[PDB]
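Engineer: Sequence, then structure. It's an experimental one.
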Amino acid sequence: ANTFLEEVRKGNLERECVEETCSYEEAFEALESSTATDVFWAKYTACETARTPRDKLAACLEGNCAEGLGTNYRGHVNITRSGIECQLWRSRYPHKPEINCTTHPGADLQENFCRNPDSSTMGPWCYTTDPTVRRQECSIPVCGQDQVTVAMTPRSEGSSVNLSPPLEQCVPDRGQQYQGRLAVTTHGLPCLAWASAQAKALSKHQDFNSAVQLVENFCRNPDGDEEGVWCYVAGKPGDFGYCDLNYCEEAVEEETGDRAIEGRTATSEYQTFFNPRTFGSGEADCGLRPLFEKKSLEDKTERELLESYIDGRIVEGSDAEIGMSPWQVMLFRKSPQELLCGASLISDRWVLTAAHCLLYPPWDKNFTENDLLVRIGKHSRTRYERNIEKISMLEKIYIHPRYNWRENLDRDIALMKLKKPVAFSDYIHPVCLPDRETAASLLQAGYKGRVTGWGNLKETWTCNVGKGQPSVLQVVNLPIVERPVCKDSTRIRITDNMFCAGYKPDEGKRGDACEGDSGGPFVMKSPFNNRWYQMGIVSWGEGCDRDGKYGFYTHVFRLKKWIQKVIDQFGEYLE
Ligand SMILES: *[C@@H]1O[C@H](CO)[C@@H](O[C@@H]2O[C@H](CO)[C@@H](O)[C@H](O)[C@@H]2O)[C@H](O)[C@H]1NC(C)=O
Ligand SMILES: *[C@@H]1O[C@H](CO)[C@@H](O)[C@H](O)[C@H]1NC(C)=O
Ligand SMILES: [Mg+2]
Ligand SMILES: [Mg+2]
Ligand SMILES: [Mg+2]
Ligand SMILES: [Mg+2]
Ligand SMILES: [Mg+2]
Ligand SMILES: [Mg+2]
């Protein structure tokens with residue numbers, strides 16, 4: 001209904017098919033459309049208990065009501081029955097759909113609206129954003145009626161006189177300066193006693209500052225980690241999981257307390273905080289690319305690190321240079337052959353990888369020590385490079401029980417273990433890591449963040465037609481973004497736990513904030529030591545899924561002594 005000629009047949013359609021009735025070969029007569037016959041047919045047959053009349057039908061073909069069960073619906077509402085965002089059809093976050101993003105266009109599986117594209121087992125539905133629950137039915141009215149399918153529930157928010165109420169007030173000095181009486185964890189395990197028969201044994205060479213007593217069995221922090229509190233627990237040689245509590249915003253980006261000049265003459269002003277035997281090497285021998293840093297040759301992207309230099313523009317995807325991201329891991333699948341996720345090479349014998357792409361029972365996923373393999377030093381994802389890469393079998397996984405896929409990616413931080421030692425090389429070289437007093441001072445000055453990969457993050461979350469995975473390694477720069485800026489962009493609640501980093505977005509475009517890999521290298525070159533310190537883990541973000549948004553990455557300056565307690569276990573488990 002737009003031009004003169006094509007509107008003429010509107011009256012023809014109305015008479016024969018609607019009021020009276022029609023068939024396929026009758027329709028193909030004065031309609032003149034080989035494909036559009038089937039669209040009508042799908043919409044017509046969907047009106048099951050809606051043959052006649054026009055007043056009672058009205059909007060069954062117009063697609064804004066629900067009859068019988070309701071396979072006619074094409075209408076426009078963001079939300080479902082309760083109050084949860086309907087996911088976009090051809091997007092796949094959180095839960096991946098059983099019907100794919102190609103086979104069936106009949107019900108028109110695109111954009112953030114409800115449908116019924118197979119058979120109504122309950123009602124017409126959309127996929128939830130809430131990663132706990134799977135599906136939920138949308139309460140559309142009935143054609144030629146005022147009646148609703150399912151009741152509405154808004155889900156309130158409370159504090160003053162709603163909860164209980166509790167008003168406990170803050171904890172300073174990351175749980176060193178605190179006393180209490182707790183007995184709970186994330187999943188829920190009873191904490192063991194310190195002075196009894198399973199704790200006192202494993203304590204014969206490590207750092208202490210005993211300002212406090214040893215208090216019975218409670219979640220404590222003597223060794224002085226910047227995170228929280230944990231207790232010992234039972235099982236098949238059991239692990240340690242952190243007891244969860246509420247915390248205040250410690251301005252890690254703007255730390256308060258009472259052009260600039262460059263450093264150069266210094267090889268390494270590093271901390272030897274671990275003991276290379278169980279933990280393995282790569283504390284001293286890291287952050288020193290043999291091809292760039294040792295030979296002392298600037299890459300192209302060292303002359304454009306400052307936010308001050310040429311103000312700012314949208315920087316396009318890059319084809320990387322030869323061997324300029326030796327820190328890289330490419331985690332595959334055994335049967336069938338399938339690239340899954342990414343990891344960051346941290347030592348000669350440790351693998352910091354993503355946790356989301358590991359344990360996720362909405363995808364049916366308990367693939368453990370047998371069904372995995374990692375590959376280091378890969379430029380061509382397509383080809384095989386027998387020498388400059390090589391194969392690396394896996395050993396035990398370790399969990400960080402704060403890890404909550406169920407809620408909102410709280411700590412996407414886990415660890416793997418290789419069996420052999422990966423030998424060092426001209427192509428292969430692990431990356432270093434900084435602590436609180438080193439990391440926080442870097443982002444006082446406006447220094448960019450680097451990410452490399454192949455867009456593994458992009459492909460794993462959205463089906464997304466237009467652009468695809470290249471053979472060549474990606475590489476890209478990202479400036480810094482303020483705290484309340486990123487907070488007032490999105491309405492959904494976030495924390496300092498993670499952080500925001502992207503460019504100034506467009507109106508009519510996706511953007512270039514969805515590159516890299518999932519659990520890949522987020523690094524930054526040092527101006528002091530001519531070194532490379534890793535300060536990020538790539539997980540899910542609003543920069544990919546949504547438009548007009550920045551990529552969302554996890555912080556890593558916490559959990560320093562978490563690894564120190566893990567390396568104790570490797571010695572006793574063997575033999
Ligand atoms: C449904 O989802 C829409 C996604 O774009 C949003 O609509 C917006 O509506 C506002 C009106 O204040 C416009 O300013 C804006 O251009 C956009 O169209 C919005 O998240 C949501 N809208 C409603 C009404 O629920
Ligand atoms: C995976 O399977 C093992 C084998 O029985 C089971 O014991 C375990 O509970 C599963 N893994 C996890 C993390 O629950
Ligand atoms: Mg008529
Ligand atoms: Mg006829
Ligand atoms: Mg005919
Ligand atoms: Mg005919
Ligand atoms: Mg006819
Ligand atoms: Mg004809």
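Structural biologist: That came in fine, so what should we check first? Numbering: from 1, shown residues only. Ligands and ions are numbered 1, 2, ... in the order given.

Engineer: Enumerate the residues of the chain near ligand 7.
Structural biologist: 26, 29 (Cβ under 5 Å from the ion). Where C-beta positions appear, they are placed from N, C-alpha and C, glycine not excepted.

Engineer: where exactly do the helices run in the chain?
Structural biologist: Using DSSP state H, the helices of the chain run over 8-13, 24-27, 36-46, 54-57, 436-442, 456-461, 483-489, 542-545, 561-573.

Engineer: Let me know which of these is the nearest to residue 367.
Structural biologist: Evaluated over those, closeness to residue 367 peaks at helix 456-461, with 15.9 Å, by Cβ to Cβ.

Engineer: Break this structure into its domains for me.
Structural biologist: Listed domain ranges for the chain are 33-157, 170-247, 300-324+429-554, 329-398+415-427 (source: automatic domain parsing).

Engineer: want to try TSV for the ones you listed, with distance to ligand 6 as columns?
Structural biologist: Shown next, in TSV, are the domains of the chain (distance: least, Cβ to the ion, whole Å):
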stretch	distance to ligand 6
domain 33-157	13
domain 170-247	67
domain 300-324+429-554	39
domain 329-398+415-427	51
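
Engineer: Of those domains, which is nearest ligand 2?
Structural biologist: For the domains of the chain, the distance to ligand 2 is smallest for domain 329-398+415-427, at 3.8 Å, taking Cβ to the nearest ligand atom.

Engineer: how long is the closest one end to end?
Structural biologist: Distance across domain 329-398+415-427, first residue to last, is 13 Å (Cα to Cα, to the nearest Å).

Engineer: is it possible to export the domains of the chain to TSV including mean neighbour count?
Structural biologist: As requested, the domains of the chain are exported to TSV (neighbours: other Cβ atoms under 10 Å):
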stretch	mean neighbour count
domain 33-157	15
domain 170-247	14
domain 300-324+429-554	17
domain 329-398+415-427	16
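
Engineer: For the protein, which residues are neighbours of ligand 2?
Structural biologist: 359, 366, 368 (Cβ under 6 Å from any ligand atom).

Engineer: The same query, at a cut-off of 5 Å, please.
Structural biologist: Contact residues (Cβ under 5 Å from any ligand atom) of the chain with ligand 2: residue 366.

Engineer: Can you tell me how far residue 258 is from residue 77?
Structural biologist: Distance from residue 258 to residue 77, counting by Cβ to Cβ, to the nearest Å: 55 Å.

Engineer: re earlier: so which of the helices of the chain is nearest residue 515?
Structural biologist: helix 456-461 (7.0 Å).

Engineer: Show residues contacting that closest one.
Structural biologist: Helix 456-461 is contacted from outside by 91-93, 339, 341-342, 357, 464, 468-469, 514-518, 520, 538, 540, 544-545, using Cβ atoms under 8 Å, 6 or more residues apart in numbering.

Engineer: these two touch, right, residue 354 and residue 344?
Structural biologist: No. Counting by Cβ atoms under 8 Å, residue 354 stays clear of residue 344, with 9.3 Å between them.

Engineer: hey, what's in contact with both of the two?
Structural biologist: Common contact partners of residue 354 and residue 344 (Cβ under 8 Å, 6+ apart): 519, 537.

Engineer: what about residue 243, distance to residue 563?
Structural biologist: Distance of residue 243 to residue 563, given as Cβ to Cβ: 19 Å.

Engineer: Just confirm residue 553 contacts residue 540, I think it does.
Structural biologist: No. Using Cβ under 8 Å as the test, residue 553 is too far from residue 540 to be in contact (9.9 Å).

Engineer: residues contacting the residue nearest to residue 225 when sequence neighbours are not counted?
Structural biologist: Nearest residue to residue 225, sequence neighbours excluded (Cβ to Cβ, 6 or more residues apart in numbering): residue 561, at 4.3 Å. If a contact means Cβ under 8 Å, 6+ apart, then residue 561 has 223, 224, 225 as its contacts.

Engineer: Same check on residue 180?
Structural biologist: Residue 180 touches residue 218, counting by Cβ under 8 Å, 6+ apart.

Engineer: Repeat that for residue 225.
Structural biologist: Residues near residue 225 by Cβ under 8 Å, 6+ apart: 174, 558, 559, 560, 561, 562.

Engineer: again with residue 72
Structural biologist: By Cβ under 8 Å, 6+ apart, the contact set of residue 72 is 43, 46, 47, 50, 60, 61, 63, 65, 66, 143.

Engineer: any chance of the residues you listed in JSON lines, with distance to residue 460 too?
Structural biologist: Shown next, in JSON lines, are those (distance: Cβ to Cβ, whole Å):
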{"residue": "43", "distance to residue 460": "35"}
{"residue": "46", "distance to residue 460": "34"}
{"residue": "47", "distance to residue 460": "39"}
{"residue": "50", "distance to residue 460": "42"}
{"residue": "60", "distance to residue 460": "39"}
{"residue": "61", "distance to residue 460": "39"}
{"residue": "63", "distance to residue 460": "33"}
{"residue": "65", "distance to residue 460": "37"}
{"residue": "66", "distance to residue 460": "34"}
{"residue": "143", "distance to residue 460": "40"}
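
Engineer: of all those, which comes closest to residue 164?
Structural biologist: Using Cβ to Cβ, the contacts of residue 72 come closest to residue 164 at residue 66, 40.6 Å.

Engineer: So the closest residue to residue 394 other than its chain neighbours versus ligand 7, what's the distance?
Structural biologist: The spatial neighbour of residue 394 that comes closest, neighbours along the chain excluded (Cβ to Cβ, 6+ apart), is residue 372 at 5.0 Å. According to Cβ to the ion, to the nearest Å, residue 372 and ligand 7 sit 63 Å apart.

Engineer: Tell me the spacing between residue 372 and residue 328.
Structural biologist: Residue 372 is 17 Å from residue 328, by Cβ to Cβ.

Engineer: residue contacts, residue 287?
Structural biologist: Applying Cβ under 8 Å, 6+ apart to residue 287 gives the contacts 293, 431, 432, 526, 529, 531, 532, 533.

Engineer: typo on my end, it should be residue 90
Structural biologist: 101, 109, 110, 462, 463, 464.

Engineer: Kindly report the same for residue 296.
Structural biologist: residue 530.

Engineer: Please report how far it lies from residue 262.
Structural biologist: 14 Å.

Engineer: before we move on, what about residue 255?
Structural biologist: Separation of residue 255 from residue 262 (Cβ to Cβ): 22 Å.

Engineer: out of those two, which sits in the busier spot?
Structural biologist: Taking other Cβ atoms under 10 Å, residue 255 and residue 262 do not tie; residue 255 has more neighbours (13 against 7).

Engineer: Spatially nearest residue to that one (excluding sequence neighbours)?
Structural biologist: In space, residue 255 is closest to residue 440, 5.3 Å off (Cβ to Cβ, 6+ apart).

Engineer: One more: residue 338?
Structural biologist: Looking at residue 338 with Cβ to Cβ, 6+ apart, the closest residue is residue 332, at 6.7 Å.

Engineer: Beta-bridge partners for the one you found, please?
Structural biologist: Beta-bridge pairing for residue 332 (DSSP bridges): residue 339, residue 373.

Engineer: That one: what's it in contact with?
Structural biologist: By Cβ under 8 Å, 6+ apart, the contact set of residue 332 is 338, 339, 340, 372, 373, 374, 375.

Engineer: and if you look at residue 211?
Structural biologist: So residue 211 contacts residue 176 (Cβ under 8 Å, 6+ apart).

Engineer: From the contacts of residue 90, pick the one nearest residue 249.
Structural biologist: The closest of the contacts of residue 90, once distances to residue 249 are taken by Cβ to Cβ, is residue 462, at 31.9 Å.
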